[PDB]
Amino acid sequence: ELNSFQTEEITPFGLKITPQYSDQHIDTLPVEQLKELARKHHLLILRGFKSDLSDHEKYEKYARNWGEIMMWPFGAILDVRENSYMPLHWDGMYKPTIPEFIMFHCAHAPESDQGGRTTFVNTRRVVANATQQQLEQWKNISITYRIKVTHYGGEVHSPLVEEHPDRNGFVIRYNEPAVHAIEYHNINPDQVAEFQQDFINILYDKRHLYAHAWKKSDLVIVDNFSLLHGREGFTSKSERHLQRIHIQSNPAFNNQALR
């Protein structure tokens, strides 16, 4: 009745999953149990397992065990390759569907790289830590985002607070500004600047944010319905190479914010 992997809880949220014996293969892990843990804990770091997922064919075949892949024009896999931070967002903003899971495989992460950790914000925890007056204000705010050339048109109008697709709580949908692109609704224009200051401070809080330093062959599973994610600005030059696959909910979740 024991698990077939070791688990350690991450601060402030998430699970770090590691092998029980040397050279344990990633294919040994029970995918349906992992999906349940990812929905409950929002972030899984699978570290130390043997895999050949830098092979695009093998990675795609592996991800199909998790569900329907959300395909992009370039295919199933985005190869993320290498100063400013990348703003918090959720994936699928400008697409017709929002994927439930992001899978990141680390094909390359030199110790040579300094900083630039991937950021993960548990918006369920943000909602749970808010006062009632805060949450009431946030539920009344909606935001229009304008982006780059995209395949499906490029304007997003999203409430700041949404109910989770599983109807078991509320989440935050927010795209932080980068250093009009963003336009806030239902708030006095006189208060927008300070609200933006205050809300970004709330998201970049040690109670809510986990910053991940990559190691080669990490497989990270992200609950895109519950989290926002981004990246710290890089101090040094980096050769990091991540490989990203999106997995649809069943049925796929249509993106009502796309305009």
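Numbers follow the displayed sequence, beginning with 1.
> How much of the deposited sequence is absent from the coordinates between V179 and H180: none, 1 to 3, 4 to 9, or 10 or more residues?
Replying inline: In the deposited sequence, 4 to 9 residues between these two have no coordinates.
> Which class describes the count of deposited residues lacking coordinates between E82 and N83: none, 1 to 3, 4 to 9, or 10 or more?
Replying inline: 10 or more residues are missing.
> Per the entry, where is the mean C-alpha temperature factor higher: 236-244 or 12-20?
Replying inline: Higher of the two, by average CA B-factor, is 236-244.
>> Can you tell me whether 22-30 has a higher mean C-alpha B factor than 61-69 in this record, or the other way round?
In response: Result: 22-30.
> Per the PDB entry, which option out of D198, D218, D223, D55 has the greatest Cα B factor?
Replying inline: Checking the PDB record, the top C-alpha B-factor among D198, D218, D223, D55 is at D55.
> Taking the Cα B-factors listed in the entry, which of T150, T123, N129, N175 comes out highest?
Replying inline: Within the set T150, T123, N129, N175, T150 shows the top C-alpha B-factor.
> C-alpha B factor of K50, ranked within the chain: lowest, middle or highest third?
Replying inline: Within its chain, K50 is a highest-third residue by C-alpha B-factor, going by the deposited values.
>> Ranking the modelled residues of this chain by C-alpha B-factor as given in the entry, is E162 in the lowest, middle or highest third?
In response: Middle third of the chain for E162's C-alpha B-factor.
>> For the chain shown, is the CA B-factor of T144 in the lowest, middle or highest third of its modelled residues?
In response: According to the entry, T144 has a C-alpha B-factor in the chain's middle third.
> Hey, what third does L88 fall into on Cα B-factor, ranked over its chain?
Replying inline: Answer is lowest: the recorded C-alpha B-factor places it there.
> C-alpha B factor of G154, ranked within the chain: lowest, middle or highest third?
Replying inline: Its C-alpha B-factor, which the entry lists for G154, ranks in the highest third among residues of this chain.
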